[PDB]
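> only geometry, no sequence info:
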Ligand code: SF4
Ligand code: SF4
Ligand code: SF4
Ligand code: SF4
Ligand code: FES
Ligand SMILES: [Mg+2]
């Protein structure tokens, strides 16, 4: 075939050309940590959590965006990859608000879980944190933008899936903010999905606010009947 | 208080005879002690 | 103790020991019920550098047990699970009660 | 029955007052603890071991913590280990007081019970000062201890320990040389070394038959290899020798307590690993990582790497063990509790052969049975 | 000579050298009926020959106890009796044969 | 590594590996696997027919002398064809060592009783029969030990509900304690605690 | 290292034999036991005059539960439900919603005091010091239902014991 | 072949024999149980209940399952004979306090959601 | 020597389960769906067996949730679908088996964000 041979921790994998390092790792049951990457959205490569070491290469690569070359040996659990993950989580948590008890994402937060699995256990940040003002985008999505990690998942979803170009980024540097820049509402038939893709509690469900925690809910797999899509 | 008594007998309370609504000349109990004197009386602090 | 000296002497004679030396009632030798605040030092991982968690991650160094003699797959002296236990020695403090 | 510890149904076939057969019926205190553990996290499962043997609480806590730490591949800090050994010896003092005095009460000497329960009350005060609970401290946790010692606790422990020996002396004056006590205890419930080994006995029930075995000496844990003490050994395998062994074990526990008081080091009290041990409250309210780790340790708990361990300690009643099976999650897959009382009471019929009613009462007293650990 | 062994039910054995020699000879004679290539036969014969050689070369009981590392030759005698009984049982069982059966495919796989 | 990490012991690991090889060589008929864990514990997985020989060998052999039966219990894994895992824990005082012997069975296949090897097994076997329903052949007196009289089912099985099927109360009409189907004023609240992110890469399984 | 407890031989001289015979005939060790009891008779008893005198406690003592407030009177609880998650006995039941001012507060906070094991894990898990185990321990009831605490009962307990609770927390918080 | 180890009986005939011996033992024991426990039922009621408990399992065709059922029944009989059971344990076989739950569709529909 | 039974496994008479909770229960065998709030997939590896949901009602005294069926919290874990089916069949439970859903492989290309003529070109980063 046209498949090429790569290695994940020395294990041989036959992959199609154009496969990224992250996909090749997932072909062997290894999930690379990620924040900005979603398999149904366009690649962004800005969160830098997917950084991984390729053998005989001095610099780590973004596993979500870098196509894997033939013969590459992806070292997913080397010291380089672990230290890169710890550094990226340190930077992510430097300015994050201490809002876990009041955050609806608590218990189902990718930031929490990936800090517990791939980050360190303490903080050496001795400064004051940044705080941003909230945006009103409608009665469905509650917005607390101090928790935002600027993964730009909402922007990509709104632009590509929902077809609405009303979200974006304003400013630059540490003051770059996600929003609409005007008092505008993100009312779309698919808008609520931006709550799901957001890894943090920056975008939460307003009707669901404060009522439950994830561990106490029972999950019933069922079918929607509001339309004929099923 | 009496610091010459051993630990346990060195602090005590003579209860009142008339609490909120009931006659307590004979019917006394430890729940009548208010929280501040409760802390003093149970030796969780050395200060009245 | 507030006992009179004659009753104290009777107690010592009946017990056969000096009772006043070791008393069960602990009048005043005990610590104060109000104490100064502590400072409570921190552990060895409270450092600002050279403190990456991947170098002090005890949970991630656990590994599945080593397999000896799977069935699926000379001199050869006999062995014991460990060297024989050494005979205990009599106490020098008080070998016999 | 005053001698049945409340939950023992001993069905006895008797010829006159001579005991022909003892059939112990247990499970009157079976609460299904081991099945309940499978629905709790490891920290949530910890307080069950307090109620397993409610005469030796911190020893069961220590056994469970050692098993979990072995499975986690972590190390408690040295000060935590010294505190653990100190409070374990205090717990041994409590357990041996209860055993000896309830044994004497069962025979009929009811006076030493009152003398020694004041000492038990003082050690309960120590427990409460260190944890806020008189019995069910939950103080010893995987990773170390919950809180550091309050200021002045060591001085009070020293004050108690410098006087406990005279209380032991008074108890010994009452019981050891009394001819009624020897008539009731000498040559009663004699068990041989080979039978004791084959019947699964441990602790004093072994050492009363001359078997030189102590888990604190042969397979030490925590800082037990840093303290000096003697192991009392019996010669006749009867109730009297086991009574003497327990009294001398109390004296050796006093010796170990003195060494622990004089060798307490400084430092932290739980492992400096926030993925296992919760951070201090000040850090949780200041640092993002500390708050996240507090949240996750108190909601989900820590995941334990998959594997099975059998971890045992020399509890005051014998070898106390846990077979702990972890499937990789934060909830234990299996927890089997090994209690010395189970095997000791299993051999009650064997040790009662050729004896009378009061002899069987004395044998039940000398086996040192608590049914929370027997039934679980 | 020795007043007591210190273990309840374990009697002091007069003439332990003769008893040990008899027991080791019996163990060797029983092992002689086991196949030569059986690991149990060769291992037990090796250790039995070592202990018998130690017994034949030391007339002092305390020094023989120190050499044997077996704990007070009365328990050494008991261990020899246990070994003889086990040898007879093992001759009955024939555990040197190949494996009876393999376990199912995932019988020992953990986790799950 | 340093302070927060439990140290290793290579000497004990090598000794346990050597003794496991020894036992496997001596009894090829029954031994199926030998393992030494990272915290220095030796496990021997045997065929069910070898329960009596292997244990006997571990008790009476001069080089083993595992004279104490510390614990005997069962583990229930419903996904296995042989549901129940029978675990023996043995202590050798002569060599100051511990060993584990593991075998397997299902709901209908009896296991040989070990009371001829260790008397202490008696109650333990009873408990297994009480708690999991595993039958032990040639047990001198096999019956329930922990559960109530007439109790149906085996509560330590994973498919047995936590609160059981019946509960007890005193009924005054019949003037006695009666048993009725369970009703709970507050139902036990199930928690979903497992994180969706992998914790230990060393134990990762093939993707099948 | 070990010692023997019962391995001493009595001397067989005439003096020792006569001493033992006099012990048998005149009951000297029984008189020693009587003397020990008589000595205890004249000692001061260890009894305290309850309820007028109380046993000593600690700032760490775990007693009746209470819900605390900020100095402004606002509730400290924010319905994070950590105490409910950590409770080994499932004694806590919590329901919450946004308040009329948009605040994160509970609408139900019940503790089953006949399910509680009084372990203190809830006050460890609390990040705002909202739920505590107070110093009170004398709250026996006459009916079972009185021991099923709802949010009003716990808030009343906090308002009633705050003076002692704050002092105990001030004494203890540097160990936590 | 299916290579299964027996418990007691090779096939179903010896299993039926063991069932008959257990039934004989229970049938003999019932009057003694009525007298000793001081029960208000008659011997006919107890023997009918024994028959009902035996017929509850009349559909079993596996000799090993039958052997285990006989073992459990012998355990129950040994419990009853030695007065290890109490009157409540024996009377639990009769469900005298539980109200009779209807079987037809309409009554279940009226009462609740259970099928 | 063996006896060679030739009948399918059935242990309903030995488990002590009441009749109502055998013939009236319906167990679902399925690989749980990924929680859409998170990207981790570690909870979608094993098969689960669960029971049908029965009635829960409010307790009159406290408003707590009350249940009457004892199998409401029972969840079993299996490594393969066939193991769960065998367990259900030997325990006498009627079951519905739902096939495992795996996300399909997807063609990801970063350069497609900057296409010369295709619509995949992005207007923002
Ligand atoms: S988004 Fe996650 S980490 Fe941030 S406050 Fe909410 S729960 Fe905590
Ligand atoms: S609001 Fe959420 S999805 Fe949007 S950029 Fe911020 S973290 Fe990402
Ligand atoms: S003290 Fe323990 S059992 Fe009681 S409510 Fe708090 S956490 Fe739950
Ligand atoms: S009492 Fe504390 S832990 Fe419990 S819900 Fe309220 S804020 Fe959270
Ligand atoms: S996942 Fe690759 S940089 Fe964010
Ligand atoms: Mg979100």
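Great, that's in hand. Numbering: from 1, shown residues only, chains lettered A, B, ... in the order given. Ligands and ions are numbered 1, 2, ... in the order given.

> contacts, neighbours, all on C-alpha from now
Noted.

> What degree of burial does the closest residue in space to residue G:106 that isn't next to it in sequence show, as a neighbour count?
In space, and not counting its chain neighbours, residue G:106 is closest to residue G:96: 4.0 Å by CA to CA, 6 or more residues apart in numbering or on different chains. Residue G:96 is surrounded by 19 other residues when neighbours are defined as other CA atoms under 10 Å in any protein chain shown.

> Touching, residue G:96 and residue G:102? I think so.
No - between residue G:96 and residue G:102 there is no contact under CA atoms under 8 Å: 11.8 Å.

> residues of the strand or helix carrying the residue nearest to residue G:106 that come out buried?
In this structure, residue G:96 sits in strand G:92-98 according to DSSP states H and E. Along strand G:92-98, the positions that meet the burial threshold by neighbour count (16 or more other CA atoms under 10 Å in any protein chain shown) are G:92, G:93, G:94, G:96, G:97, G:98.

> now stretch A:116-126
In stretch A:116-126, counting by 16+ other CA under 10 Å, buried: A:116, A:117, A:118, A:119, A:120, A:121, A:122, A:123.

> hmm, it touching ligand 1?
No - using CA under 6 Å from any ligand atom as the criterion, no contacts between stretch A:116-126 and ligand 1 are found, and the smallest distance is 10.6 Å.

> ok so, going back, now the buried residues of stretch A:116-126 in JSON lines, please, with extra columns for distance to ligand 6.
Listed next are these as JSON lines, based on distance: CA to the ion, whole Å:
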{"residue": "A:116", "distance to ligand 6": "18"}
{"residue": "A:117", "distance to ligand 6": "19"}
{"residue": "A:118", "distance to ligand 6": "20"}
{"residue": "A:119", "distance to ligand 6": "20"}
{"residue": "A:120", "distance to ligand 6": "23"}
{"residue": "A:121", "distance to ligand 6": "23"}
{"residue": "A:122", "distance to ligand 6": "24"}
{"residue": "A:123", "distance to ligand 6": "24"}
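
> Let's see which of those residues end up in helices.
Within these, residues falling in helices by DSSP state H are A:116, A:117, A:118.

> tally of neighbours for residue 33?
With no chain named, the answer covers chain A. By the measure other CA under 10 Å, the count of residues near residue A:33 is 23.

> that's the other chain; I wanted chain F
Here the neighbour count serves as a burial measure; for residue F:33 (other CA under 10 Å) it reads 23.

> Next one: stretch D:162-182, is it in contact with chain G?
Yes - with CA under 8 Å from any CA of the partner chain as the criterion, chain G is reached by stretch D:162-182 at D:170, D:173, D:174, D:177, D:178.

> and the closest residue in space to the fourth one that isn't next to it in sequence, how far is that from residue E:112?
Think residue D:177. On the basis of CA to CA, 6+ apart, the spatially nearest residue to residue D:177 that is not a chain neighbour turns out to be residue G:29, at 6.9 Å. Distance check for residue G:29 against residue E:112: by CA to CA, to the nearest Å, it reads 66 Å.

> for chain E, which helix is longest?
With residue count as the measure and DSSP H as the assignment, chain E has helix E:72-93 as its longest helix.

> ok, and what's touching that helix?
By CA atoms under 8 Å, 6 or more residues apart in numbering or on different chains, the list of residues contacting helix E:72-93 from outside reads E:5, E:10-13, E:16, E:19-20, E:23-24, E:26-27, E:30-31, E:33-34, E:61, E:65, E:70, F:53, F:56-57, F:60-62.

> try 7 Å
Contacts to helix E:72-93, defined as CA atoms under 7 Å, 6 or more residues apart in numbering or on different chains, come from residues E:12-13, E:20, E:23-24, E:27, E:30-31, E:34, E:65, E:70, F:57, F:60-62.

> Same question for stretch H:91-110.
Applying CA under 7 Å, 6+ apart, the contact partners of stretch H:91-110 are F:178, F:179, F:180, H:114.

> what do you get for stretch D:152-165?
For stretch D:152-165, the surrounding residues in contact (CA under 7 Å, 6+ apart) are C:22, C:30, C:31, D:254, D:261.

> Of the residues you listed - the most surrounded one?
Among the contacts of stretch D:152-165, residue D:254 has more neighbours than the rest - 22 neighbours, counting by other CA under 10 Å.
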